[PDB]
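So this first bit is one chain, no partners, the form deposited in one PDB entry, shown in structure tokens.
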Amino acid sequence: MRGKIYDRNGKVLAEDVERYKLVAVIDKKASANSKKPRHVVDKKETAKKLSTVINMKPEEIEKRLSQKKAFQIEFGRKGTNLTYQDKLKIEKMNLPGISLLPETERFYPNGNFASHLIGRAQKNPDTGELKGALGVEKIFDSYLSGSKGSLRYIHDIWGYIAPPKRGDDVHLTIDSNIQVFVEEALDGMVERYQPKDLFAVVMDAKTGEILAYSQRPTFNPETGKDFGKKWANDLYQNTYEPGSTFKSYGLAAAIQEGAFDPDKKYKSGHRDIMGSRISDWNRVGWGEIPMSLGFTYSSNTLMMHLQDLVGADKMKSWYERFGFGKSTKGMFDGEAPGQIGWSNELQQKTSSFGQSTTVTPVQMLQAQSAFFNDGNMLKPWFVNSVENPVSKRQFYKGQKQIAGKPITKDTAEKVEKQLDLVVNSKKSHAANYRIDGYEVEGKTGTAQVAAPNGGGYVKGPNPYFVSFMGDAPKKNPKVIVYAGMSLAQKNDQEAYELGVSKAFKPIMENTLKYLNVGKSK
């Protein structure tokens, strides 16, 4: 047995099962040393009796019993992965030459479910040996695998090298109930906007536990549907120019450095940098306004203004101190570090509002956490324990760590106030993320997308990556929800206007409802 992959409530996400394969001996040579024939005598009548399972076409079953001049025959994919009920029925029939060989197959009960995180195990036809090829299944292959007994090693995680054999179980921080809300909501987005890429993550605000995560396009682990298109896990391996989501950190930096004042006015509109008219999102601005409104209205100028006030060399340090351009050191394989765009003044200024600079969605979760844990960035973790369930030996146990405290408690509270405005201001550009009976806050995140291999940015009507980095209930939140959609292909206007609001509202509402947080109607 390969070990199981459980969720945080010990519901099975992956396991081994025994399923059966249909073989028929069709050659008289078998029956040439026996009274009782070990070969299909009546091809016709055996075929009709067999036509109670799978492709029940007696003609096609007969054709294959007549086939070639081979000793045995199999029945493609339809003659494999047959249940124990499917077997007992064909064994009662007691047909001559018909048998069912047991093969162990890797079963994912929910099918397409956190498919890019859990991952998928492939089988060696020869030995029937399962080897994980992506996600948990690849990372913890050795621990899960009941076979070998060489040295046990964790894929990229230097350390944890421990030296009829069952395997070790891997428990995740996932909560199937929540992971549902996400999977449904994401399906909702693919129907509506059919984006080229999409993801959502739920994190415990207080722990850094990943409660739920899917992406699109994903694959189905059970079937191998679409497996090996997008290899990259969005949350851990994929880099983004994150957009307005990333102002939150630029803001904090300023607040602390003393350069930001909610009431102090600044000139909104444009800023000619390196001979480029970098402008607010409405191209004109709103003239002289308070910096509080600028954040509520996602002003690119404000961020550029604040960069000037604080200073470049000082801000690069700030972005570094929020853990950008550096791995989260999470338990996933080949995690992406990203890079802070600072090679020149353009990169620098654009960065302020979240372009040039590249992030993992997790780098961002880490950073946003600080605003709710008194300035402390929580390391996000999805792996709860690796532990053989015979012995109960915990090989790895996960826990809340602290990746840094780049800001004061005070600073954090002020950033929170500004996020509360972004959503619940009178002049809010983002009341589309509001929810009945629950108090929400967060940051809207419209952003251009790079041309994969060279060129500049992707062109189109609305060629945008839209995100939102929300958390509820506001001030003392239980969960963070970060959703992102890249290059909607349908409704590409509604995309620019609503953003990921149509995904965030359901996920958050259902999650809070499920964690039994009270609704002040």
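What we label the rigid core is the largest C-alpha set whose atoms superpose within 1.5 Å from one form to the other. Each residue number is its position in the shown sequence, starting from 1.
Engineer: Would you say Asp187 is commonly dropped, meaning unmodelled in a third or more of the other compared entries that have residues on each side of it?
Structural biologist: Other entries vs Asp187: none skip it.
Engineer: Please confirm whether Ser150, modelled here, goes without coordinates in at least one third of the other compared entries that cover both its neighbours.
Structural biologist: Yes; at least one third of the other entries leave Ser150 out.
Engineer: Mind giving me a quick count class for deposited residues absent from the model between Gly128 and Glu129? Options are none, 1 to 3, 4 to 9, 10 or more.
Structural biologist: Gap size class: none, per the record.
Engineer: Regarding 97 to 105 and 220 to 228, which shows the higher C-alpha temperature factor on average in the entry?
Structural biologist: Looking at the record's C-alpha B-factors, the answer is 97 to 105.
Engineer: Looking at the deposited entry, does 68 to 76 or 241 to 249 carry the larger mean Cα B-factor?
Structural biologist: Averaging CA B-factors over each stretch, the winner is 68 to 76.
Engineer: Among the candidates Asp175, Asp86, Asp141, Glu183, give the one with the maximum CA B-factor reported in the record.
Structural biologist: By C-alpha B-factor in the record, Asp86 ranks first.
Engineer: Which of these, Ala495, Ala483, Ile480, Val40, has its C-alpha atom at the highest B-factor, as the entry lists it?
Structural biologist: Each of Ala495, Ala483, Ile480, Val40 was compared by C-alpha B-factor; the highest is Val40.
Engineer: Is the Cα B-factor recorded for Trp158 in the lowest, middle or highest third of its chain?
Structural biologist: CA B-factor rank for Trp158: highest third.
Engineer: Taking the C-alpha B-factors as the PDB entry records them, is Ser467 in the lowest, middle or highest third of its chain?
Structural biologist: As the PDB entry reports it, the C-alpha B-factor of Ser467 lands in the lowest third of its chain.
Engineer: For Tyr438, return the chain-relative third of its C-alpha B-factor as stated in the PDB record: lowest, middle or highest.
Structural biologist: It falls in the top third of the chain.
Engineer: Place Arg271 in the lowest, middle or highest third of its chain's C-alpha B-factors, as listed in the PDB entry.
Structural biologist: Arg271: CA B-factor falls in the lowest third of its chain.
Engineer: Would you please rank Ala24 by its C-alpha temperature factor against the other modelled residues of its chain and give the third it falls in: lowest, middle or highest?
Structural biologist: As the PDB entry reports it, the C-alpha B-factor of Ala24 lands in the highest third of its chain.
A second form of this protein, the form deposited in another entry, is not displayed here; the remarks below concern that form.
Engineer: Which residue, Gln493, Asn476, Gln489, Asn55, is displaced 2 Å or more at the Cα between the shown form and the other one after superposing the core?
Structural biologist: Comparing both forms, the shifted residue turns out to be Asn55.
Engineer: Return yes or no for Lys264: a CA shift of at least 2 Å between the shown form and the other one, with the rigid core superposed?
Structural biologist: The answer is no; the displacement is under 2 Å.
Engineer: Relative to the superposed rigid core, does the CA atom of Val390 travel 2 Å or more between the shown form and the other one?
Structural biologist: For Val390, whose C-alpha is compared between the shown form and the other one after core superposition, the shift is less than 2 Å.
Engineer: Is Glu413 among the residues whose Cα moves by 2 Å or more between the shown form and the other one after superposition of the rigid core?
Structural biologist: Shift at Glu413: below 2 Å after core fit.
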